[PDB]
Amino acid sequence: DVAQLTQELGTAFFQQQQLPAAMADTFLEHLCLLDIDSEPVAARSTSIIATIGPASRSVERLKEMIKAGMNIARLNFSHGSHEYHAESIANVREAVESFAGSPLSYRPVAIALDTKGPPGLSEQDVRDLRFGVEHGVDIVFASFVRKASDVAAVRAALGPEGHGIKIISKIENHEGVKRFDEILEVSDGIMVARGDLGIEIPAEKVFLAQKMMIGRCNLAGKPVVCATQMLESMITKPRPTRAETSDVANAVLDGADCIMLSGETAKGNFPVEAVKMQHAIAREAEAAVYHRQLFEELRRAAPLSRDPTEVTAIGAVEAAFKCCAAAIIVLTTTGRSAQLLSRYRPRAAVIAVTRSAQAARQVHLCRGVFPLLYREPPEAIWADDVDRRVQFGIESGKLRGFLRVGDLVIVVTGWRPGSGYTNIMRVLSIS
């Protein structure tokens, strides 16, 4: 089963990243084999959303948070003025662009606008959504979404210039949970807003709503965010409680694409340490996912597909598991081909090469997608331009530790230019 690859890659490789637990035949055996001495090796795949506020607004502090692992900056429009939020956005952009001198240092960071909330779309939300479009935000976290028409109202308020902005619906009350299917259908993703949910429904039922919503989003292949009070005590203390570390680990094990920090980064005394703690827990929890059952169940539950991007994605993930591929390099214009690979939860990192700065920021919503922004002008021959981008992903991957000489990588491309034509999977040996 694993004997030839154990001889080739070594016993040390197979003792890391919870690989003994990954090879177990049952979920019970998988738990029994989890090992505190089995170190994570893969890059952290669950994105961290940090709320920006008084403790995390300065350019110097934002540079530290980007280095600690922040992928998405959340602006809570329930507090502060438009002037206050515009300055936060400018500071985030200055900190992000301070690393732009090279693909080895650059890390795209998405900007998300979290609305104040509502009897339908409020007048303040209309003004805040217009502010978001004018300031080029990547994502909207829509507060108190209760039905599909609430999403349509947010979409209309973004106007024709905001068509590319992702709408993540926040489920915060009983109606949102009950009408979940209709809301998910029209949203780009979901946020389990546990703060309000824990007041709107009995506190002892929140975990059921969280697990159900994460499961349904995983089945739909749409991003899901777990939010609120994940590391709450870290607002005043340098180390979290045992329940808080457990909560972050279990959100990742449940299947969350993103985890969030609110007061921990907006007002707390340890914003950088809170990001570092979520980073450390998420890497441990990602390695502990039982991929054997998860991949089997995602295949069994997902309907058959005639979409070549979907068909190539499952073949690429299956191939990555067969050879313990270090990465899956994918070319993408909108992020969709990377999202379809992410839905099958590969252990291999999905390195997404794109010319779209906005798609590079938005793909942080999908677990395990590492965006690489390609800035070179197009080659005269399209096939050469595709090859250059694949080589850019390989060289960036090698220079950044994702790839090593001798590794196998899976490369996912399409047959013609433009979004929607991904249909090729190639197995390449890194030299």
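Throughout, we count residues from 1 along the sequence that is shown. By rigid core we mean the largest C-alpha set that fits within 1.5 Å across both forms.
- Greater average departure of CA atoms from the shown form, over structures and residues in 8 other deposited structures of this protein after a core fit, characterises 99-107 among 99-107 and 322-330.
- After a core fit, the C-alpha atoms in 8 other deposited structures of this protein lie farther on average from the shown form in one of 373-381 and 25-33, namely 373-381.
- The entry models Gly221 and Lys222 with no unmodelled deposited residue separating them.
- For the segment pair 188-196 and 89-97, the entry gives 89-97 the higher mean B-factor, averaged over Cα atoms.
- For the pair 225-233 and 124-132, the record assigns the higher mean C-alpha temperature factor to 124-132.
- Highest C-alpha temperature factor among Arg400, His30, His364, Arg44, as the PDB entry reports it: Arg400.
- Across the options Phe207, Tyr84, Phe321, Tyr290, the residue with the most elevated CA B-factor in the record is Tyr84.
- When the modelled residues of the chain are ordered by C-alpha B-factor, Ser396 sits in the highest third.
- Split the chain's modelled residues into thirds by C-alpha temperature factor. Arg283 is in the lowest one.
- Ranked within its chain, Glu310 lands in the middle third, by CA B factor from the PDB record.
- Per the deposited record, the Cα B-factor of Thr354 falls in the middle third when ranked against the other modelled residues of its chain.
- When the modelled residues of the chain are ordered by their C-alpha B factor, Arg74 lands in the middle third.
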